[PDB]
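Here's the structure we're looking at; comments come further down.
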Amino acid sequence: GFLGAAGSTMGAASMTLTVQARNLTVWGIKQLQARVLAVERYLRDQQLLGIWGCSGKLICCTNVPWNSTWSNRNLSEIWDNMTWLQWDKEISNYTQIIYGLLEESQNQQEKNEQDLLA
Amino acid sequence: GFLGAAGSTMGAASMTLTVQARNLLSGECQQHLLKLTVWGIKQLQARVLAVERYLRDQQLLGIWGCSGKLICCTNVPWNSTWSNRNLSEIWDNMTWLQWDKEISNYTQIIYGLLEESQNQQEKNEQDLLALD
Amino acid sequence: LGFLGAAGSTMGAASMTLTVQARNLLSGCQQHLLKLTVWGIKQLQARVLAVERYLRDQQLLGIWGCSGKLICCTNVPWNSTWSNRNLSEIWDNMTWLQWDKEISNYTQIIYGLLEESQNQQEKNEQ
Amino acid sequence: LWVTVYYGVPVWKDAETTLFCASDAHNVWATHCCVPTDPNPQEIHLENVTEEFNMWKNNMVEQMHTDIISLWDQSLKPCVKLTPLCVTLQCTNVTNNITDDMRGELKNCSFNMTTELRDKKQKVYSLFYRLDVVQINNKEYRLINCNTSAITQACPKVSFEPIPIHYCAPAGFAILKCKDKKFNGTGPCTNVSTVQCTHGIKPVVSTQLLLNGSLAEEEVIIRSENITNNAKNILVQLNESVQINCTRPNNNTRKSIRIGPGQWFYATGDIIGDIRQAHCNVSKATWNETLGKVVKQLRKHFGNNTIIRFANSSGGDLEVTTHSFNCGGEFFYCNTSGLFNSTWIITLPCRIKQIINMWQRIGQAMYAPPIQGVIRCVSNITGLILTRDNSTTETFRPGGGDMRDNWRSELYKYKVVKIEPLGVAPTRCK
Amino acid sequence: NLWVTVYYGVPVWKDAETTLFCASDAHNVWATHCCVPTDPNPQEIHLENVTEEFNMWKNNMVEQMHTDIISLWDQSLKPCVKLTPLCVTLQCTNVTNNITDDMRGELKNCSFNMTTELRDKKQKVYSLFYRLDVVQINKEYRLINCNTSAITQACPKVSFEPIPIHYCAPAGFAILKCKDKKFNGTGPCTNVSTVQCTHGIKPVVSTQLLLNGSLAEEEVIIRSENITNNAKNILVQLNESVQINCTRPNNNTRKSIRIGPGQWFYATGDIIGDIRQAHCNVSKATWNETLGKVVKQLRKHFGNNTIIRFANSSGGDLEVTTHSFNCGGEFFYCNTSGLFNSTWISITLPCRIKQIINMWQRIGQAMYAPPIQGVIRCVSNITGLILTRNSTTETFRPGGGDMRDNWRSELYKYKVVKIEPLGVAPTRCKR
Amino acid sequence: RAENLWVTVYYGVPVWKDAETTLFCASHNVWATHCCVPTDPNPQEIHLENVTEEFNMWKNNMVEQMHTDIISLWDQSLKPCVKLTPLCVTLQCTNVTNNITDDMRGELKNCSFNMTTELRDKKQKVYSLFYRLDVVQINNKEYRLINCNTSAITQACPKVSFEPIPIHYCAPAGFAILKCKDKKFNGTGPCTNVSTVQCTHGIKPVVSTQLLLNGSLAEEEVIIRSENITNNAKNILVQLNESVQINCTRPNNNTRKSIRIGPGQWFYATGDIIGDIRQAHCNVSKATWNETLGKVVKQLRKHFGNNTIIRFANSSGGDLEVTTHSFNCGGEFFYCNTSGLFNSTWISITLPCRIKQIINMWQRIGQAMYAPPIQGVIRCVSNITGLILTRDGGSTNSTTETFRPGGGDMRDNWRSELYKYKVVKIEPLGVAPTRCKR
Ligand SMILES: *[C@@H]1O[C@H](CO)[C@@H](O[C@@H]2O[C@H](CO)[C@@H](O[C@@H]3O[C@H](CO)[C@@H](O)[C@H](O[C@H]4O[C@H](CO)[C@@H](O)[C@H](O)[C@@H]4O[C@H]4O[C@H](CO)[C@@H](O)[C@H](O)[C@@H]4O)[C@@H]3O)[C@H](O)[C@H]2NC(C)=O)[C@H](O)[C@H]1NC(C)=O
Ligand SMILES: *[C@@H]1O[C@H](CO)[C@@H](O[C@@H]2O[C@H](CO)[C@@H](O[C@@H]3O[C@H](CO[C@H]4O[C@H](CO)[C@@H](O)[C@H](O)[C@@H]4O)[C@@H](O)[C@H](O[C@H]4O[C@H](CO)[C@@H](O)[C@H](O)[C@@H]4O)[C@@H]3O)[C@H](O)[C@H]2NC(C)=O)[C@H](O)[C@H]1NC(C)=O
Ligand SMILES: *[C@@H]1O[C@H](CO)[C@@H](O[C@@H]2O[C@H](CO)[C@@H](O)[C@H](O)[C@H]2NC(C)=O)[C@H](O)[C@H]1NC(C)=O
Ligand SMILES: *[C@@H]1O[C@H](CO)[C@@H](O[C@@H]2O[C@H](CO)[C@@H](O)[C@H](O)[C@H]2NC(C)=O)[C@H](O)[C@H]1NC(C)=O
Ligand SMILES: *[C@@H]1O[C@H](CO)[C@@H](O)[C@H](O)[C@H]1NC(C)=O
Ligand SMILES: *[C@@H]1O[C@H](CO)[C@@H](O)[C@H](O)[C@H]1NC(C)=O
Ligand SMILES: *[C@@H]1O[C@H](CO)[C@@H](O)[C@H](O)[C@H]1NC(C)=O
Ligand SMILES: *[C@@H]1O[C@H](CO)[C@@H](O)[C@H](O)[C@H]1NC(C)=O
Ligand SMILES: *[C@@H]1O[C@H](CO)[C@@H](O)[C@H](O)[C@H]1NC(C)=O
Ligand SMILES: *[C@@H]1O[C@H](CO)[C@@H](O)[C@H](O)[C@H]1NC(C)=O
Ligand SMILES: *[C@@H]1O[C@H](CO)[C@@H](O)[C@H](O)[C@H]1NC(C)=O
Ligand SMILES: *[C@@H]1O[C@H](CO)[C@@H](O)[C@H](O)[C@H]1NC(C)=O
Ligand SMILES: *[C@@H]1O[C@H](CO)[C@@H](O)[C@H](O)[C@H]1NC(C)=O
Ligand SMILES: *[C@@H]1O[C@H](CO)[C@@H](O)[C@H](O)[C@H]1NC(C)=O
Ligand SMILES: *[C@@H]1O[C@H](CO)[C@@H](O)[C@H](O)[C@H]1NC(C)=O
Ligand SMILES: *[C@@H]1O[C@H](CO)[C@@H](O)[C@H](O)[C@H]1NC(C)=O
Ligand SMILES: *[C@@H]1O[C@H](CO)[C@@H](O)[C@H](O)[C@H]1NC(C)=O
């Protein structure tokens, strides 16, 4: 219902992204501060998608390949017989590099857009 | 023409959109107001709420695949349980307020259907890319 | 290759790296300061203001049809009154800082043109 | 056939939000906000609608009330308190060149007040008005509010003259307005338009009489929530104003008295010249002419054949039974009985009081320090408030008092809604 | 030959700390505090195949509840009357009229010179005090807190009944709960769900005996941070409720003394009828059996054949040696030593009444409780115990004082995490 | 009909403009508990290759930010402390006459008074010692405190120190802090060695007058700066390239007594001094001083010519807080006589110091703060890093000119520390001419 697929396989969870995607006295200042933070967290994730050319997509396909050093696994090892919580922990080492790679793939295409239209 | 609408025909709602959607983020001596902690906090939180409302619409249009559109088509059929009007009067001759009025009772379900339509479309796109 | 250390590069070269700068606006005990009922609000205001500015710029790109891209293209020709230089003269032998001050009075006018051009483009598509 | 999403629709709903304070740029209302008014306010003629308005349910009135109190409190909150003066007083009568009509109103009181040192006293005396002093048990007197509340001093460096303030909507909101002239107050008017900014309203605090407000354009307008229920008040907006001239009688001075380590009290000092009674002058004809118009507008609701009488008010608190008027922070309490003594088909004596309570929040009193010399107070009567006291006769008497009536009266034609730009309809497109 | 795809809305999370919203059922201090209604029918979603590690001893929301309950209490008192002018030399006597023998000297009838609404006038008044709050100098007495700090008066209209409050997560966060029976306080639980908010928890403050909280459901459950060590407390939930009936039987009146320019002091008035000691009744028929159950569970940790003794408290102040109980605004200090006398292998607890009361043992601010007129009878449930600690025998004694454990004892089954919707995964697609 | 140039637009442009914003502080005492944000443990600096930028220390808002925050902390920390209102009573004072050096005669007054106890109906007769600077004569044994006819006074809390712990200021996202790395920066103009940082280095919030203590030292030569050098009415800020050590002491062995003046309100009264009575003073190497100044004149001559003789003069006018060197160490407040420090011209110096306990901060008239007594004796060693001077000229005499010690406006102290810094905001969007047409 909220995290209904949390214990499931990547395959099973593939159609549930919309489920998570949408869930966003002086004393009361604390609640305001929390609201402000939630907005800020939201926006940084949205920017990252935009700069990767993933604006508007839940499942964005890019031009960056997978390395065997990030994941030494195949289809029945990654999607099946696996769950997102564990898997994400398993590859946490490469989060930063992938993001840098995604930015570069986008930059390389945009330059070819202004020119190639010409 | 900030709200130069009122309603006549829906064709008129197209031309007013840029302004209506822009008005949301309109974008000095306020130093002495910082100390007014009650007066000032109300004004501040109000700004925050305005931001939330803006984002709520953008996010919803985004999930529906309507971002960047003024008019958004999708493969979700209209139901006789929602309305029974022809397609002539309801644009060309009917104003908008009645449209807000009768359709007000049922809406959520529509939003869920719009989301599902996109959910299915994107998975199909991924397969089309994987295949031929 | 650094953060604002492109400022001295020609505009063309500087433009090769935009993401670094693009993300700079969206980032960011710790209890003692909660008693500062005036100071703490100022800090809250500061971050709220930063958010509004970020969003304002994004909305403009939306209006102009340039959203979702760091770099976009439009249908508005250049007006020699804003500046009168050739292409090489601008992309090379030029810092963005200089460029910006040279055309600092021709900004809002372009924005108006961009908005109407995009409005007409939508009218043409409908 | 198909569901399509639309945006930019002319749709709105009732809402409660926070409005901005805008002004024209050293006063309660001068250093209280920074937003400039719109130098050229625009109006959107949001016509071809019959928008339902109310005024008895107006969210704007409630925030005006809340915020004016807050502003008032912010002004007084940091100012010196008068606790050291809540002592037994030794008083006698001021009979020096006294008009008999004012006899007994001004008192000469002395007391033992501390000095800047914790171990020393000073003998101090000042003058008081009778309305602020109570006899203990003929020499011993008390400040009237020592048994009820703390009293603070309004700071003499703060002006209290009202300024028109414009309210402005936040983005995503709009204020709907009637351009009608004969609007009931709760009707579905046809003259509908919308604004981001209201007409500025100068806050006015007064009782039994609406001063410095707007006038009706076509006729005298009578409004109430329920005319039938005597519990509701009656408010009248005149289409012509009436001039009223109120003045001080006496060229008074004041004394700056050291009361503590950085604290000062500003006492009423003696009077230059002879003692005279405070009063207000209104044209007798104008008042009679104005009433005639008002009555003709009552008959249309109460019957052409009934007898209409105006009468002296009920008993009650000073702020209820007399006309309470703020002139530069000084308060006049004018006897209006002479204005309501007629049935058909001018000098008002005024009392002066310095220990005053605003908006009936019993508990927080304030002392109004004196203004030097004689001043003139001149204002525009734009309306008033009455109550309803067989079928033979109908009698009306002065009402109001509750400040929400002054604000509501001025905010006659405005409503607040929120904008809802998204919607969904059937069409032909897949 | 797999390529990168970015997935948004992935159902994963990590440990986190944030601000929670308070909510209620819609002049009680917590009624005016929470202006948010709860979900009329709160949601809970079972998470199939999710194992999650919880740790009640490191549960950060506990710190938040403790901090906020303090903030609110204190805020409640901030705008109330200060009693500084009443810190005077007192003239007191032995009012022992119509009393039982154990009350001989419990009350002091004191009189003094104090202010009136005018600075230059004085009045003589008198009132009754409990000896716990009055100290003899070398007839001459002083209030007990005159040599420590300021004393203020609670506002008489404000009540403190512990109306249950629910805590709800902000967007981007989620509350995880263990529905796993016999949850051990720490470690992975394998029966979990995600919830919008916690259930309502009553902000009951006590020492030694935990009142009106959650039950253990299946058996008595003993939890501690470290079982081996004796430097840690032990928190025990009972599955059965134990009923306790408390009273202060004397019919008291109140008087209102004008003390100054615009305010009042609420003084102890007179007493109607005989004076008897305050006390609490625990049925022996339940308590005996209750400890036997506790011991049976202790045998799972300490040999299986040891002799377990219950005993009185260690030395300490009133707050920890007696049971601290509040009802109706009055503070009872009940002698529980006879509640912990037996060794394993009706009960009347006399109670003292204190009026000038430190709260949460944080030194600086003394609050004066106005008297409650009439008599009082309170009935409540003991739902748990706070206990502290040779190859053949061990002894247990009552504990308390650190209120964070009371909060901890209800919140032991909850965890807060943040949602991290962006994931990256391979696919047979390139573009 | 045209060459067909087309407007284009893009985001991520390295352009900034001057902006005024609020920077935040990063780092038991007043500064530590209010600067909870840690500094970046690994600070960065990015040189802006081939970039020139203009800085102006005289129009710097970072200075104003320091001023406001330094005031705010003083008020925030004194606000909750014991008020000393009840001490404004008639005092009966005599001279302390026991083992007093001649120079200290009349400096210490032994005053007795009737004070409030913890109970409303009880009084106590107490006494303590005061410095004469805090007490005034009534009409001859009858005295009162100097603040009785002006304002309330608050006792500083004994547990809150005001040690000048260095703090850093750091930009919020969207802003950048720029600095000059260049040399001989005039305080104004287009320095070329420019870089930006996330956060500045730490700056010690040292408060002083006349002599600027514990600041940065110049790289190689004395630098003289003024908003207007040729305006004799303006302050001249001089940064030295060699520090001068100064050794200060308060030799009297003090004690304290603590008296209840209410329910939990402890007044810290001066305890008797045990031992002989001596003057507080500072020791400056005589040679170092009559070495270090030679280069000051040499550099003054860069603006005034080296055919003029420059004199350093004493007895600059103003109040105690202006004419003496305002020094605060250990929480003790010293008023050091520097007249012999500025009595020389050309082609170990002991400076006596007075002590005052009733003190005012940043010339905020009508509010005061009592400096509690300190146990024992003190010793402080500090670095003289710069001077605040004014010209005594304007006369028709170019042959000789005199300068005198100046200052008192604390913003100039911070201005010197903030000399090299500026703040701008980032504006990532821009427009330029492009071949592509949508
Ligand atoms: C220029 O820089 C120099 C160098 O930093 C500055 O001079 C230094 O100033 C500090 C503070 O005055 C001084 O530090 C004290 O040295 C004493 C040596 O005997 C220590 O005994 C003393 O310790 C106390 O304070 C500590 C605070 O951290 C406590 O942790 C410690 O337990 C002590 O606390 C007792 O005493 C205090 C009162 O002093 C009392 O409140 C407590 O309750 C408790 O009883 C400090 O460590 C340095 O020694 C000085 N160094 C030099 C060379 O002089 C100089 O001031 C700067 N110049 C300017 C203008 O700012
Ligand atoms: C564990 O949980 C139990 C169950 O809730 C708690 O027991 C309650 O304790 C409160 C606090 O003492 C009781 O509240 C009081 O009840 C009085 C009796 O009410 C009846 O009789 C009067 C007679 O005049 C009728 O008017 C009324 O309708 C009822 O029939 C009330 O008189 C009290 O109100 C007065 O005092 C308060 C003081 O603050 C004032 O504010 C009020 O205005 C008024 O003057 C009050 O409501 C409650 O009745 C008990 N419930 C039950 C079922 O017994 C335990 O206290 C709790 N344990 C712990 C440790 O928290
Ligand atoms: C939790 O684990 C169980 C057990 O593996 C899952 O049950 C399977 O559900 C699918 C539904 O299409 C059936 O085809 C399988 O035969 C079931 N497995 C077994 C052993 O019977 C359950 O779906 C999992 N839940 C989540 C959220 O992942
Ligand atoms: C109504 O408005 C008039 C005009 O502003 C007020 O009378 C003036 O008040 C100002 C306030 O500074 C004085 O400077 C003028 O001299 C006054 N004009 C006169 C006395 O002729 C009047 O007080 C307002 N009335 C009310 C009830 O607020
Ligand atoms: C600075 O200019 C030189 C040429 O003088 C050039 O070689 C160098 O790359 C430039 N540096 C930058 C800003 O890239
Ligand atoms: C001041 O006090 C004295 C002594 O009680 C009394 O005689 C005198 O009348 C008082 N003076 C005033 C002005 O109240
Ligand atoms: C007009 O206002 C009066 C005043 O109470 C009310 O009685 C009457 O019903 C209103 N009429 C309508 C429907 O506008
Ligand atoms: C008020 O005073 C003016 C003169 O300033 C006079 O002309 C006018 O008639 C007076 N009005 C009334 C009602 O007294
Ligand atoms: C005064 O009232 C009487 C009685 O109604 C009327 O006849 C007369 O004309 C009125 N005078 C004025 C000036 O209106
Ligand atoms: C009343 O309003 C009119 C404008 O309609 C103005 O000319 C006149 O001066 C005002 N009179 C008073 C006393 O404010
Ligand atoms: C009040 O003060 C007088 C002073 O003479 C003393 O005799 C009396 O006993 C005091 N009364 C009380 C109740 O303390
Ligand atoms: C269960 O609780 C005991 C303490 O009673 C502790 O030592 C043990 O590690 C806990 N088990 C787990 C899985 O955390
Ligand atoms: C006490 O326990 C009984 C039985 O479990 C339950 O019905 C009752 O509601 C409980 N009362 C309180 C205050 O917890
Ligand atoms: C424990 O039990 C013994 C035997 O009945 C009794 O004498 C003693 O007083 C009891 N102690 C307590 C604290 O109840
Ligand atoms: C106290 O010392 C001063 C010098 O500061 C002296 O003038 C005065 O006469 C002395 N007092 C007495 C009583 O001798
Ligand atoms: C340095 O500042 C002074 C201020 O009086 C100015 O006259 C001089 O021209 C400046 N020098 C440079 C190199 O900018
Ligand atoms: C100051 O200079 C004068 C000469 O004008 C000299 O007599 C005196 O001793 C000098 N004093 C100091 C402290 O240097």
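Ligands are numbered from 1 in the order shown, chains are lettered A, B, ... in the order of the structure tokens, and residues start at 1 in each chain.
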Throw together the list of residues within 6 Å of ligand 6, counting only C-alpha atoms and all ligand atoms, and drop it here as an mmCIF file with C-alpha atoms, in the first residue's frame.
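Dumped everything to result_30.cif:
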data_model
loop_
_atom_site.group_PDB
_atom_site.id
_atom_site.type_symbol
_atom_site.label_atom_id
_atom_site.label_comp_id
_atom_site.auth_asym_id
_atom_site.auth_seq_id
_atom_site.Cartn_x
_atom_site.Cartn_y
_atom_site.Cartn_z
ATOM 1 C CA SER D 110 0.148 63.539 46.372
ATOM 2 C CA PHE D 111 2.073 60.406 47.198
ATOM 3 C CA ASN D 112 5.296 58.736 48.525
ATOM 4 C CA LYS D 123 6.978 63.495 47.574
#
Exercise for review: Extract the full set of strand (DSSP E) residues from range 8-89 of chain A according to DSSP on the backbone, and format it as a VMD selection string.
Suggested key: chain A and resid 59 to 65
At a cut-off of 10 Å and counting only C-alpha atoms and all ligand atoms, what residues surround ligand 11? Please answer as a CSV table (one decimal) with N, CA and C atoms, in the first residue's frame.
chain,number,residue,atom,x,y,z
E,88,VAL,N,9.1,34.5,52.9
E,88,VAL,CA,9.2,35.3,54.1
E,88,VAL,C,9.4,34.5,55.3
E,89,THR,N,9.8,35.1,56.4
E,89,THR,CA,9.9,34.4,57.6
E,89,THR,C,8.5,34.1,58.1
E,90,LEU,N,8.3,32.8,58.5
E,90,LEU,CA,7.0,32.3,58.9
E,90,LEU,C,6.9,32.1,60.4
E,91,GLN,N,5.7,32.4,61.0
E,91,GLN,CA,5.4,32.1,62.4
E,91,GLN,C,4.5,30.9,62.4
E,92,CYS,N,4.9,29.7,62.9
E,92,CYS,CA,4.1,28.4,62.7
E,92,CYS,C,3.8,27.7,64.0
E,110,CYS,N,1.0,28.3,59.6
E,110,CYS,CA,1.9,29.4,59.5
E,110,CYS,C,1.2,30.7,59.2
E,111,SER,N,1.7,31.7,59.7
E,111,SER,CA,1.2,33.1,59.4
E,111,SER,C,2.4,34.0,59.2
E,112,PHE,N,2.0,35.0,58.4
E,112,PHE,CA,3.0,36.0,58.0
E,112,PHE,C,2.5,37.4,57.5
E,113,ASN,N,3.5,38.3,57.5
E,113,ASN,CA,3.3,39.7,56.9
E,113,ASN,C,3.6,39.7,55.4
E,114,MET,N,2.6,40.0,54.6
E,114,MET,CA,2.8,40.0,53.1
E,114,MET,C,2.1,41.2,52.5
E,122,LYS,N,0.1,46.6,54.0
E,122,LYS,CA,0.5,45.2,54.4
E,122,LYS,C,-0.7,44.4,55.0
E,123,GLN,N,-0.7,43.1,54.9
E,123,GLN,CA,-1.7,42.3,55.5
E,123,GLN,C,-1.1,41.1,56.2
E,124,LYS,N,-1.9,40.6,57.2
E,124,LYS,CA,-1.5,39.3,57.8
E,124,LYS,C,-2.4,38.2,57.4
E,125,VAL,N,-1.8,37.1,57.0
E,125,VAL,CA,-2.5,36.0,56.5
E,125,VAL,C,-2.0,34.7,57.2
E,126,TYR,N,-2.8,33.7,57.1
E,126,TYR,CA,-2.3,32.4,57.5
E,126,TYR,C,-2.8,31.3,56.6
E,140,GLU,N,9.9,29.7,64.4
E,140,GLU,CA,10.4,30.4,63.2
E,140,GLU,C,10.7,29.4,62.1
F,121,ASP,N,11.5,39.9,54.5
F,121,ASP,CA,11.6,40.6,55.7
F,121,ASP,C,12.9,40.6,56.4
message = Counting only C-alpha atoms, a student should be able to say which residues of chain E come within 10 Å of chain A; what is the right answer, written as a PyMOL selection string?
response = chain E and resi 1-14+18-22+33-34+43-51+68+71-72+75+170-174+193-196+419-431
Quiz item: Within 7 Å of chain D, which residues of chain B show up when using only C-alpha atoms, listed as a PyMOL selection string?
Solution: chain B and resi 3-7+13-14+16-17+20+23-24+29-30+33+43+46+50+70-78+87+96-97+100
Practice prompt. May I ask you to write as a list in words all residues lying at most 6 Å from ligand 14, with only C-alpha atoms and all ligand atoms counted?
Written response: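 Answer in the requested format: residues 337, 338 and 341 of chain E.
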How would the residues just chosen look if you wrote them out with N, CA and C atoms as an mmCIF file, in the first residue's frame?
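Just written: part_26.cif:
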data_model
loop_
_atom_site.group_PDB
_atom_site.id
_atom_site.type_symbol
_atom_site.label_atom_id
_atom_site.label_comp_id
_atom_site.auth_asym_id
_atom_site.auth_seq_id
_atom_site.Cartn_x
_atom_site.Cartn_y
_atom_site.Cartn_z
ATOM 1 N N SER E 337 7.961 0.085 50.451
ATOM 2 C CA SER E 337 8.896 -0.904 50.970
ATOM 3 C C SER E 337 8.224 -2.229 51.289
ATOM 4 N N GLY E 338 6.953 -2.201 51.664
ATOM 5 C CA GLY E 338 6.239 -3.417 52.027
ATOM 6 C C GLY E 338 5.710 -4.130 50.808
ATOM 7 N N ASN E 341 9.141 -7.053 49.891
ATOM 8 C CA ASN E 341 9.603 -7.653 51.149
ATOM 9 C C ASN E 341 9.953 -9.152 51.031
#
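As for CA of residue 90 in chain D and CA of residue 136 in chain D, they are spaced 10.4 Å apart.
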Determine, for each residue of chain D having at least one atom at most 8 Å from an atom of ligand 7, the closest pair of atoms and their separation in Å to one decimal, counting only C-alpha atoms and all ligand atoms; order by chain and ascending number, as JSON lines.
{"residue": "D:184", "atom": "CA", "partner": "ligand 7", "partner_atom_place_in_ligand_line": "1 (C)", "distance": 4.9}
{"residue": "D:185", "atom": "CA", "partner": "ligand 7", "partner_atom_place_in_ligand_line": "2 (O)", "distance": 6.7}
{"residue": "D:186", "atom": "CA", "partner": "ligand 7", "partner_atom_place_in_ligand_line": "14 (O)", "distance": 5.3}
{"residue": "D:187", "atom": "CA", "partner": "ligand 7", "partner_atom_place_in_ligand_line": "14 (O)", "distance": 4.3}
{"residue": "D:188", "atom": "CA", "partner": "ligand 7", "partner_atom_place_in_ligand_line": "14 (O)", "distance": 7.5}
{"residue": "D:222", "atom": "CA", "partner": "ligand 7", "partner_atom_place_in_ligand_line": "4 (C)", "distance": 7.8}
{"residue": "D:223", "atom": "CA", "partner": "ligand 7", "partner_atom_place_in_ligand_line": "4 (C)", "distance": 5.4}
{"residue": "D:224", "atom": "CA", "partner": "ligand 7", "partner_atom_place_in_ligand_line": "5 (O)", "distance": 4.3}
{"residue": "D:225", "atom": "CA", "partner": "ligand 7", "partner_atom_place_in_ligand_line": "5 (O)", "distance": 4.1}
{"residue": "D:226", "atom": "CA", "partner": "ligand 7", "partner_atom_place_in_ligand_line": "5 (O)", "distance": 3.6}
{"residue": "D:227", "atom": "CA", "partner": "ligand 7", "partner_atom_place_in_ligand_line": "5 (O)", "distance": 4.4}
{"residue": "D:228", "atom": "CA", "partner": "ligand 7", "partner_atom_place_in_ligand_line": "7 (O)", "distance": 6.9}
Restricted to C-alpha atoms, what would the selected residues look like written as a PDB file, in the first residue's frame?
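Written file, part.pdb:
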ATOM      1  CA  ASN D 184     -27.200  43.841   0.969  1.00  0.00           C
ATOM      2  CA  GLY D 185     -23.925  42.439   2.461  1.00  0.00           C
ATOM      3  CA  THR D 186     -25.012  38.815   2.066  1.00  0.00           C
ATOM      4  CA  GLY D 187     -26.269  38.861  -1.463  1.00  0.00           C
ATOM      5  CA  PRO D 188     -25.127  37.176  -4.726  1.00  0.00           C
ATOM      6  CA  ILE D 222     -28.919  49.593   6.492  1.00  0.00           C
ATOM      7  CA  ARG D 223     -27.302  46.239   7.238  1.00  0.00           C
ATOM      8  CA  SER D 224     -27.615  43.481   9.808  1.00  0.00           C
ATOM      9  CA  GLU D 225     -27.060  39.753  10.038  1.00  0.00           C
ATOM     10  CA  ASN D 226     -30.766  39.084  10.965  1.00  0.00           C
ATOM     11  CA  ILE D 227     -33.046  42.232  11.187  1.00  0.00           C
ATOM     12  CA  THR D 228     -35.695  40.195  12.962  1.00  0.00           C
TER      13      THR D 228
END
### Message
Using only C-alpha atoms, I'd like every residue of chain C that has an atom within 10 Å of chain B; please write them out as JSON, numbers by chain.
### Response
{"C": [37, 38, 39, 41, 42, 44, 45, 48, 49, 51, 52, 53, 55, 56, 57, 59, 60, 62, 63, 65, 67, 68, 115, 116, 118, 119, 120, 122, 123, 126]}
Those residues with C-alpha atoms, as a short mmCIF file (atom, residue, chain, number, x, y, z; two decimals), in the first residue's frame please?
data_model
loop_
_atom_site.label_atom_id
_atom_site.label_comp_id
_atom_site.auth_asym_id
_atom_site.auth_seq_id
_atom_site.Cartn_x
_atom_site.Cartn_y
_atom_site.Cartn_z
CA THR C 37 13.60 32.89 18.42
CA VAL C 38 14.65 35.83 16.29
CA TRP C 39 18.00 34.69 14.84
CA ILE C 41 13.94 32.65 12.01
CA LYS C 42 16.34 34.71 9.98
CA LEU C 44 14.91 29.87 8.15
CA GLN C 45 14.08 32.82 5.97
CA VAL C 48 13.35 29.66 2.13
CA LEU C 49 14.53 32.55 -0.05
CA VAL C 51 14.39 27.87 -2.56
CA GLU C 52 12.18 30.46 -4.09
CA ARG C 53 14.98 31.73 -6.28
CA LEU C 55 12.27 27.57 -8.42
CA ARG C 56 11.81 30.96 -10.03
CA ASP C 57 14.59 30.23 -12.46
CA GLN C 59 9.84 28.26 -13.97
CA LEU C 60 11.34 30.70 -16.42
CA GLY C 62 9.71 26.18 -18.37
CA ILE C 63 8.00 29.25 -19.84
CA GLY C 65 10.61 25.97 -23.34
CA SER C 67 13.29 23.35 -19.00
CA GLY C 68 14.82 19.97 -18.47
CA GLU C 115 8.04 34.03 -23.46
CA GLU C 116 6.05 35.22 -26.37
CA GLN C 118 7.12 30.03 -26.78
CA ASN C 119 3.50 31.12 -26.44
CA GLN C 120 3.22 31.38 -30.18
CA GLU C 122 2.16 26.46 -28.45
CA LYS C 123 -0.55 28.31 -30.37
CA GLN C 126 -2.69 23.49 -30.88
#
